[PDB]
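So the structure is just underneath, and the comments pick up after that.
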Amino acid sequence: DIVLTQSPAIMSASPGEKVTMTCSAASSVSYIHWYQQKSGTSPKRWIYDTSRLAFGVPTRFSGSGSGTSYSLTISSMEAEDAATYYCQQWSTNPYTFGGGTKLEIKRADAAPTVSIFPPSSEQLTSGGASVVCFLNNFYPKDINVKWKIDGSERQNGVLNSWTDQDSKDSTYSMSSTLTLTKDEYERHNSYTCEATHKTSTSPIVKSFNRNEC
Amino acid sequence: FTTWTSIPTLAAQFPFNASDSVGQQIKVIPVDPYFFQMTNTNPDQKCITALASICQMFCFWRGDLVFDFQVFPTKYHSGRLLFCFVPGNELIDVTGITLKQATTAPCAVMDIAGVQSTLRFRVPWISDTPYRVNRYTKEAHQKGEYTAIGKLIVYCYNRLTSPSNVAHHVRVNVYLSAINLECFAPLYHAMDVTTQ
Amino acid sequence: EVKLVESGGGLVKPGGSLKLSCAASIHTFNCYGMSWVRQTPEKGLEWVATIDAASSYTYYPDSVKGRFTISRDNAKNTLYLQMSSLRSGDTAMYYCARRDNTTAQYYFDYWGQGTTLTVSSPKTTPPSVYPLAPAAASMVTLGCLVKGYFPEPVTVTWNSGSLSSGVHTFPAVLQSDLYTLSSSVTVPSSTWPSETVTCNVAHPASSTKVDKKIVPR
Amino acid sequence: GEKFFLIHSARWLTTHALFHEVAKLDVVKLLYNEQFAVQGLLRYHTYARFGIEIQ
């Protein structure tokens, strides 16, 4: 009956800059708590009533606000903070949480390592085929992948498998699966996935042939 | 029998960690002379108190219980505790009480580090009946007959600040005696450890 | 240290009933109220239940009221969540949490690991695992293709964790009532196609192990 | 009514600079809350006149 809206949904951050997110309410709320959820685990003790830090948390996180607007401010960004931050009320019955703000580490721009694979021989006996395109180690996340299939663009049956940011190299990896039929697979010759990067002007074109090998 | 009941003997043992939040309920105590929870390993035994040995041999009890809270800090820890008394009986839903709501009840604060170590918390006799029955002989509950006159909560009032070369917790002993104690209608009963 | 360990959970057809159970630890179980919080991958989160010290007072929101039932056993230090009349809105992740006091309101300090409940009505289907091989450089990515399993928990292991520096396990996509991933790994040019690389796919729901080795084209 | 009530809990850190404001609180509004025993006297009366003791 009362809704918490977090105004930044996805945020990028360089190590050593000021990071500020917001959890806005729809009426007057006395206190709003916070939780940190790293990928693969459960949320933890992060920020009780409004500005009260927990015990093991670093001493460079902040919280403020009253009434409607509430914020979580990071003084100096590090690499230990790539997680998701939820907010929570306790005023009325439903105890609605926030939508979630994903904070990910901003990195210098890198070119995608591109390889596209044919379906195997055992997949051909199953009456279908799925063209799989690997796109490894590229920043940013916002890429535009189209299937240049003999010059035409077909955005149907596209299964894009996105990963999380790895905690070592801080890169993004992508798959792109084109679900087709076996006789639909045997209609073309040129199979092209391309990578639209904001730094490289032309898309990186790596293709194979069906009649090859 | 006031020779044994007026002796403060140890009943409980709880730590005050540095990793707990403000308002968190540390420990809850039922306010009756039948309370003890300490035990020993070698030999296997259940450490009775001097007040629970005399009061277990009666049906009805009455009087003012005196809790004594002895802390063991250094001169360098710093914090406060809140000792709250919620009148009632030994079965009330008491874990919903927040820290601001606990100051409605009669309470007392305690600064930990200082030249004194013990706070004496004399609980007043609050009841609807003149006496209070030893119900632990029975095995089923009944609305109306009770053993306690309420429960006593311990809160984290201020956090525990300390340097790095001291321990990050302070332990508190709880003693238990009685003033203005009156008991009658004898029986035989052997008590048991309140496992809470 | 607080350790909350959930148990139970699995695949229930819509209309059935299942009981979850959390388990407590060292700290005192009667001094605190417990809860259950629900994690869907699309939206999150939603809290569903809370029971106090004794088993008297229970609290429910508008949605799950009448369907769910929470209980305690203070001697066994366990929770119970009796879920009845399940449907498609209850396919999610369920945590047991410990509600604690603050100065003015409540807060959840410690959560559990969480069990997975899948409420939908196809059958338990074992996965079909396919190799992925290219049609030249120093760094050559490999891959396997897994398609055709309905239960969500699956485990893909690349040679007992030998190549775990460059494993890029890809998440599954729900399509045509089947979850479909494509596991991959970063392999140097000296290893493949000269040595033994085989993706071990474990499916603990249907208790199957499909071992598939990438062959050179 | 005349009994000490806990109204606020803050924490003083090494990162707060000079003249930073650790606690900024209205005293009478915080005592007007359901969780305190003085509410049962103030919920039904309209006006009051009082002195304040702070610790």
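By convention here, the chains of the structure tokens are called A, B, ... in the order presented, each chain's residues are numbered starting at 1, and ligands are numbered starting at 1 in the order presented.
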Which residues, written as a PDB file with N, CA and C atoms, in the first residue's frame, have at least one atom at most 6 Å from residue 176 (chain A), with only C-alpha atoms counted and residues fewer than 5 positions away on the same chain left out?
```
ATOM      1  N   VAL A 132      25.578 -20.230 -31.929  1.00  0.00           N
ATOM      2  CA  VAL A 132      26.046 -19.645 -30.677  1.00  0.00           C
ATOM      3  C   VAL A 132      27.217 -18.720 -30.974  1.00  0.00           C
ATOM      4  N   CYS A 133      27.097 -17.463 -30.551  1.00  0.00           N
ATOM      5  CA  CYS A 133      28.129 -16.446 -30.724  1.00  0.00           C
ATOM      6  C   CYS A 133      28.677 -16.055 -29.361  1.00  0.00           C
ATOM      7  N   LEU A 159      18.645 -15.600 -28.043  1.00  0.00           N
ATOM      8  CA  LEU A 159      18.853 -15.904 -26.633  1.00  0.00           C
ATOM      9  C   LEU A 159      20.211 -15.342 -26.230  1.00  0.00           C
ATOM     10  N   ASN A 160      20.200 -14.203 -25.545  1.00  0.00           N
ATOM     11  CA  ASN A 160      21.416 -13.519 -25.127  1.00  0.00           C
ATOM     12  C   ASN A 160      21.696 -13.869 -23.674  1.00  0.00           C
TER      13      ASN A 160
END
```
Polymer residues at most 7 Å from region 81-92 of chain B, only C-alpha atoms, same-chain spacing of 6 or more positions, as a PyMOL selection string | chain B and resi 30+102+105-110+126+146-157
Counting only C-alpha atoms, chain C residues within 9 Å of chain A, as number ranges by chain | C: 43-48, 60-62, 95, 102-114, 130-135, 140-141, 143, 145, 168-173, 175, 181-182, 217
Mind running chain A against chain D at 10 Å and telling me each contacting residue's nearest atom pair with the distance in Å (one decimal), counting only C-alpha atoms, chain and number ascending, as a Markdown table?
```
| residue | atom | partner | partner_atom | distance |
| --- | --- | --- | --- | --- |
| A:51 | CA | D:10 | CA | 9.2 |
| A:52 | CA | D:10 | CA | 7.9 |
| A:53 | CA | D:11 | CA | 9.4 |
| A:59 | CA | D:15 | CA | 8.0 |
| A:60 | CA | D:15 | CA | 8.5 |
```
Store the residues picked out above in a file with N, CA, C and O atoms, as a PDB file, in the first residue's frame.
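As written to disk, selection.pdb reads:
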```pdb
ATOM      1  N   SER A  51      21.216   6.127   9.418  1.00  0.00           N
ATOM      2  CA  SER A  51      22.639   6.359   9.239  1.00  0.00           C
ATOM      3  C   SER A  51      23.482   5.415  10.070  1.00  0.00           C
ATOM      4  O   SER A  51      24.710   5.551  10.086  1.00  0.00           O
ATOM      5  N   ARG A  52      22.863   4.469  10.762  1.00  0.00           N
ATOM      6  CA  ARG A  52      23.578   3.598  11.680  1.00  0.00           C
ATOM      7  C   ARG A  52      24.239   2.484  10.884  1.00  0.00           C
ATOM      8  O   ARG A  52      23.563   1.573  10.395  1.00  0.00           O
ATOM      9  N   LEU A  53      25.556   2.563  10.745  1.00  0.00           N
ATOM     10  CA  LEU A  53      26.316   1.500  10.112  1.00  0.00           C
ATOM     11  C   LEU A  53      26.338   0.262  11.003  1.00  0.00           C
ATOM     12  O   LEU A  53      26.179   0.335  12.222  1.00  0.00           O
ATOM     13  N   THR A  59      34.033   2.210   7.103  1.00  0.00           N
ATOM     14  CA  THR A  59      33.647   3.477   7.711  1.00  0.00           C
ATOM     15  C   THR A  59      33.575   4.624   6.708  1.00  0.00           C
ATOM     16  O   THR A  59      33.706   5.789   7.104  1.00  0.00           O
ATOM     17  N   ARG A  60      33.368   4.322   5.431  1.00  0.00           N
ATOM     18  CA  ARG A  60      33.271   5.329   4.385  1.00  0.00           C
ATOM     19  C   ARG A  60      31.916   5.320   3.692  1.00  0.00           C
ATOM     20  O   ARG A  60      31.771   5.921   2.624  1.00  0.00           O
TER      21      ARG A  60
END
```
Report as a VMD selection string the set of chain B residues whose atoms approach chain A to within 8 Å, with distances computed over only C-alpha atoms.
-> chain B and resid 19 to 21
Quick one: write out the picked residues with C-alpha atoms as a short mmCIF file (atom, residue, chain, number, x, y, z; two decimals), in the first residue's frame?
```cif
data_model
loop_
_atom_site.label_atom_id
_atom_site.label_comp_id
_atom_site.auth_asym_id
_atom_site.auth_seq_id
_atom_site.Cartn_x
_atom_site.Cartn_y
_atom_site.Cartn_z
CA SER B 19 29.14 -6.58 17.54
CA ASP B 20 25.53 -6.05 18.65
CA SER B 21 23.17 -3.27 17.63
#
```
Show me which bits of chain C are within 9 Å of chain B, counting only C-alpha atoms, as a PyMOL selection string.
-> chain C and resi 28-33+52-54+56-57+100-106
Find the residues near residue 74 (chain A): any atom within 12 Å, counting only C-alpha atoms, skip ones fewer than 5 places away on the same chain, and give them as a VMD selection string.
-> chain A and resid 13 to 22 58 to 64 81 103
Selection near region 188-197 of chain A, 9 Å with only C-alpha atoms, sequence-local residues under 3 positions removed, as a PyMOL selection string = chain A and resi 111-112+114-116+131+133+135+138-140+142-151+176+184-185+200-212
Between D:29, D:45, D:24, D:8, which is the closest to chain C once you count only C-alpha atoms?
->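 Among D:29, D:45, D:24, D:8, it is D:8 that comes nearest to chain C.
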Contacts of residue 164 (chain B) at 12 Å (only C-alpha atoms; same-chain gap of 2+ positions) as a list in words = residues 18, 76, 77, 161, 162, 166, 167, 168 and 169 of chain B
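All of the residues in chain D within 12 Å of chain B are residues 1, 2, 3, 4, 5, 6, 7, 8, 9, 10, 11, 12, 13, 30, 31, 32, 33, 34, 35, 36, 37, 38, 39, 40, 41 and 55 of chain D, where only C-alpha atoms were counted.
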Would you mind exporting C-alpha atoms of the selected residues as a short mmCIF file (atom, residue, chain, number, x, y, z; two decimals), in the first residue's frame?
```
data_model
loop_
_atom_site.label_atom_id
_atom_site.label_comp_id
_atom_site.auth_asym_id
_atom_site.auth_seq_id
_atom_site.Cartn_x
_atom_site.Cartn_y
_atom_site.Cartn_z
CA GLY D 1 5.66 11.03 33.87
CA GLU D 2 8.79 12.07 35.77
CA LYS D 3 11.05 9.17 34.82
CA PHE D 4 14.04 8.89 32.49
CA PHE D 5 13.37 7.61 28.97
CA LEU D 6 15.94 6.77 26.30
CA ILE D 7 15.19 9.06 23.35
CA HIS D 8 18.20 8.78 21.01
CA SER D 9 21.30 6.69 20.36
CA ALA D 10 24.07 8.06 18.13
CA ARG D 11 27.70 7.10 17.59
CA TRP D 12 30.73 9.38 17.46
CA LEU D 13 33.38 8.41 14.90
CA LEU D 30 10.44 12.24 20.78
CA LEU D 31 8.82 11.87 24.21
CA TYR D 32 5.41 12.01 22.48
CA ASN D 33 5.52 8.41 21.26
CA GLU D 34 3.49 5.29 22.06
CA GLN D 35 6.50 3.30 23.33
CA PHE D 36 6.92 5.48 26.45
CA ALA D 37 4.81 5.48 29.61
CA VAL D 38 4.30 9.27 29.50
CA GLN D 39 2.15 8.86 26.37
CA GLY D 40 -0.77 7.60 28.47
CA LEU D 41 -0.91 10.98 30.21
CA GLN D 55 21.45 13.26 30.74
#
```
For CA of residue 212 (chain C) and CA of residue 199 (chain C), the interatomic separation in Å (one decimal) |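 Here the two named atoms are 5.8 Å from each other.
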All residues 12 Å or closer to residue 192 (chain B), only C-alpha atoms, same chain fewer than 3 positions away omitted, as a PDB file with N, CA and C atoms, in the first residue's frame:
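Once everything was written out, this is result_27.pdb:
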```pdb
ATOM      1  N   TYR B  34      12.922 -19.268  41.416  1.00  0.00           N
ATOM      2  CA  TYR B  34      13.203 -20.594  40.892  1.00  0.00           C
ATOM      3  C   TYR B  34      14.125 -20.567  39.680  1.00  0.00           C
ATOM      4  N   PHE B  35      14.754 -19.432  39.391  1.00  0.00           N
ATOM      5  CA  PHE B  35      15.540 -19.267  38.174  1.00  0.00           C
ATOM      6  C   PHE B  35      17.018 -19.500  38.446  1.00  0.00           C
ATOM      7  N   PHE B  36      17.626 -20.358  37.628  1.00  0.00           N
ATOM      8  CA  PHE B  36      19.063 -20.578  37.575  1.00  0.00           C
ATOM      9  C   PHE B  36      19.342 -21.305  36.271  1.00  0.00           C
ATOM     10  N   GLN B  37      20.523 -21.079  35.706  1.00  0.00           N
ATOM     11  CA  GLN B  37      20.856 -21.739  34.453  1.00  0.00           C
ATOM     12  C   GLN B  37      22.290 -22.241  34.373  1.00  0.00           C
ATOM     13  N   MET B  38      23.077 -22.122  35.434  1.00  0.00           N
ATOM     14  CA  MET B  38      24.471 -22.521  35.379  1.00  0.00           C
ATOM     15  C   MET B  38      24.633 -24.007  35.648  1.00  0.00           C
ATOM     16  N   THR B  39      25.672 -24.578  35.049  1.00  0.00           N
ATOM     17  CA  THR B  39      25.959 -25.996  35.168  1.00  0.00           C
ATOM     18  C   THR B  39      27.460 -26.194  35.017  1.00  0.00           C
ATOM     19  N   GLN B  45      26.934 -31.735  36.934  1.00  0.00           N
ATOM     20  CA  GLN B  45      26.046 -31.214  37.961  1.00  0.00           C
ATOM     21  C   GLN B  45      25.343 -29.961  37.470  1.00  0.00           C
ATOM     22  N   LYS B  46      24.242 -29.643  38.143  1.00  0.00           N
ATOM     23  CA  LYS B  46      23.378 -28.514  37.815  1.00  0.00           C
ATOM     24  C   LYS B  46      23.398 -27.559  39.000  1.00  0.00           C
ATOM     25  N   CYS B  47      24.070 -26.424  38.832  1.00  0.00           N
ATOM     26  CA  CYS B  47      24.425 -25.544  39.944  1.00  0.00           C
ATOM     27  C   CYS B  47      23.199 -24.781  40.427  1.00  0.00           C
ATOM     28  N   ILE B  48      22.617 -25.253  41.532  1.00  0.00           N
ATOM     29  CA  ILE B  48      21.508 -24.570  42.184  1.00  0.00           C
ATOM     30  C   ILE B  48      22.001 -23.262  42.808  1.00  0.00           C
ATOM     31  N   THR B  49      21.063 -22.375  43.118  1.00  0.00           N
ATOM     32  CA  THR B  49      21.361 -21.186  43.902  1.00  0.00           C
ATOM     33  C   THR B  49      20.840 -21.365  45.324  1.00  0.00           C
ATOM     34  N   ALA B  52      17.002 -20.629  45.282  1.00  0.00           N
ATOM     35  CA  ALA B  52      16.181 -21.672  44.683  1.00  0.00           C
ATOM     36  C   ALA B  52      16.204 -22.975  45.466  1.00  0.00           C
ATOM     37  N   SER B  53      17.105 -23.125  46.435  1.00  0.00           N
ATOM     38  CA  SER B  53      17.086 -24.319  47.271  1.00  0.00           C
ATOM     39  C   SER B  53      16.067 -24.207  48.391  1.00  0.00           C
ATOM     40  N   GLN B  56      12.238 -23.859  46.671  1.00  0.00           N
ATOM     41  CA  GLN B  56      11.668 -25.038  46.024  1.00  0.00           C
ATOM     42  C   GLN B  56      10.929 -25.944  46.997  1.00  0.00           C
ATOM     43  N   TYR B 136       5.809 -25.558  39.075  1.00  0.00           N
ATOM     44  CA  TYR B 136       6.727 -26.498  38.431  1.00  0.00           C
ATOM     45  C   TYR B 136       6.533 -27.946  38.861  1.00  0.00           C
ATOM     46  N   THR B 137       5.752 -28.204  39.912  1.00  0.00           N
ATOM     47  CA  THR B 137       5.373 -29.573  40.237  1.00  0.00           C
ATOM     48  C   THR B 137       4.445 -30.143  39.169  1.00  0.00           C
ATOM     49  N   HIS B 189      10.292 -30.748  46.257  1.00  0.00           N
ATOM     50  CA  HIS B 189      10.503 -30.652  44.821  1.00  0.00           C
ATOM     51  C   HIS B 189      11.976 -30.383  44.559  1.00  0.00           C
ATOM     52  N   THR B 195      16.519 -23.801  30.768  1.00  0.00           N
ATOM     53  CA  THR B 195      17.315 -23.818  29.548  1.00  0.00           C
ATOM     54  C   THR B 195      16.987 -22.675  28.600  1.00  0.00           C
ATOM     55  N   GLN B 196      16.008 -21.831  28.952  1.00  0.00           N
ATOM     56  CA  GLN B 196      15.499 -20.656  28.207  1.00  0.00           C
ATOM     57  C   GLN B 196      15.370 -20.811  26.682  1.00  0.00           C
TER      58      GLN B 196
END
```
Using only C-alpha atoms, which residues sit within 10 Å of region 4-10 of chain C once same-chain residues fewer than 6 positions away are excluded, as an MDAnalysis selection string?
-> chainID C and resid 18:25 78:80 91 93:98 110:119 151:153 205
Could you turn the residues from that selection into a file that holds C-alpha atoms, as a compact mmCIF listing (two decimals), in the first residue's frame?
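Result written to result30.txt:
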```txt
# COMPACT_ATOMS: atom_id res chain seq x y z
CA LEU C 18 5.27 -28.51 1.01
CA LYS C 19 6.76 -27.68 4.41
CA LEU C 20 10.06 -25.82 4.71
CA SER C 21 12.26 -25.91 7.80
CA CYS C 22 15.00 -23.56 8.98
CA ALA C 23 17.46 -24.53 11.72
CA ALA C 24 18.96 -22.31 14.42
CA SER C 25 22.37 -22.20 16.12
CA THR C 78 13.48 -25.00 14.15
CA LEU C 79 11.11 -23.01 11.96
CA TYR C 80 8.34 -24.39 9.77
CA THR C 91 8.38 -20.12 -7.87
CA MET C 93 13.93 -18.45 -3.41
CA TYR C 94 13.00 -18.59 0.29
CA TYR C 95 15.22 -17.35 3.14
CA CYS C 96 14.82 -17.69 6.89
CA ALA C 97 15.77 -14.46 8.66
CA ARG C 98 16.06 -13.29 12.26
CA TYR C 110 21.18 -12.65 9.74
CA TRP C 111 19.72 -14.53 6.78
CA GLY C 112 20.13 -18.14 5.72
CA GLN C 113 21.45 -19.71 2.55
CA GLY C 114 18.01 -20.20 1.01
CA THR C 115 16.21 -23.12 -0.62
CA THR C 116 14.65 -23.08 -4.08
CA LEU C 117 10.97 -23.85 -4.71
CA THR C 118 9.79 -24.47 -8.28
CA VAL C 119 6.01 -24.57 -8.71
CA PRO C 151 14.90 -28.19 -12.71
CA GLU C 152 16.96 -25.04 -12.15
CA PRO C 153 19.94 -26.25 -10.00
CA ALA C 205 17.64 -33.22 -9.16
```
Running DSSP on the backbone, which parts of chain B land in helix (DSSP H, G or I), as a VMD selection string?
-> chain B and resid 2 to 5 50 to 55 101 to 103 135 to 137
Run DSSP on the backbone and grab whatever in region 67-189 of chain C lands in strand (DSSP E or B); send it over as JSON, numbers by chain.
-> {"C": [68, 69, 70, 71, 72, 73, 78, 79, 80, 81, 82, 83, 92, 93, 94, 95, 96, 97, 98, 99, 100, 101, 106, 107, 108, 109, 110, 111, 115, 116, 117, 118, 119, 128, 129, 130, 131, 132, 139, 140, 141, 142, 143, 144, 145, 146, 147, 148, 149, 155, 156, 157, 158, 167, 168, 173, 174, 175, 178, 179, 180, 181, 184, 185, 186, 187, 188]}
